[PDB]
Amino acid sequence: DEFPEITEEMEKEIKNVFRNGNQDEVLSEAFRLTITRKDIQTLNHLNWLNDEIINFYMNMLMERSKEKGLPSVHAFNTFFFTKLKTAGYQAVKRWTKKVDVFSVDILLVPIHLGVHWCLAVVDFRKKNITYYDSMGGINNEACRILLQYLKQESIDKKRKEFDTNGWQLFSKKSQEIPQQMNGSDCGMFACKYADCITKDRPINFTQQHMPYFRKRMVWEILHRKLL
């Protein structure tokens, strides 16, 4: 019931970046990504997270997954899924070059649906593929698309077949997990869902939390450090 407080000193650091100045100021740079204040702005107010923010955030979850006790994580980039549902395996099999997807516990798959964002999570321990939409929607297909992707992928690289024995594909209910109230906070919900999920915590927060999360997210990215 208790969330890392943002001190007045942290508070100030956020102000200094949400401020007018060159939309090139290079605020942060990591995982081949570069957050400028242009990008950082999409977290301001009720704006709409751009891809840079989201890609950066999932990477910090990936980074965080190294420290032991946590399940390991691969985060697919945000153009992986939309360039699958549209063009199929041969487009993407190349992106996984020098990467073993089975060596980790969890894969995160940010899904860009038009102007909306949701998420899919593969969990090898639970042998399940789950879909999260803070608009309570569904995508029984997206999950099939991913299991199909796994089969195909074990084929290429491991030359083996992937054992789908006991795997379960579902969309999270829309109940229990909390839902958005603001169309722009969809990027946040996908981020925060992924955060809880990668720490194996229950999803605890609500919509009332999102202005706290955004400012926090700004701080975290500036410091490349997750509270």
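What we label the rigid core is the largest C-alpha set whose atoms superpose within 1.5 Å from one form to the other. One rule holds for the numbers: they count along the sequence shown, beginning at 1.
- Superposing on the core and measuring CA offsets in 4 other deposited structures of this protein, the stretch of 212 to 220 and 13 to 21 with the greater mean deviation is 13 to 21.
- Looking at 23 to 31 and 55 to 63, the one farther from the shown form in 4 other deposited structures of this protein by average CA distance, after a rigid core fit, turns out to be 23 to 31.
- Stretches 83 to 91 and 115 to 123 differ in mean C-alpha B factor, with the higher average recorded for 83 to 91.
- Comparing the deposited coordinates for 166 to 174 and 54 to 62, the stretch with the larger average C-alpha B-factor is 166 to 174.
- In the PDB entry, the Cα temperature factor peaks, among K199, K192, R32, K160, at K160.
- The PDB entry assigns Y132 a C-alpha temperature factor belonging to the lowest third of its chain's modelled residues.
- When all modelled residues of the chain are sorted by CA temperature factor, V26 is found within the highest third.
- The deposited CA B-factor of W219 belongs to the lowest third of values across its chain.
- Residue-level temperature factors show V17 in the highest third of its chain, judged at the C-alpha atom.
- Ranked against the other modelled residues of its chain, the C-alpha B-factor of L150 as given in the entry falls in the highest third.
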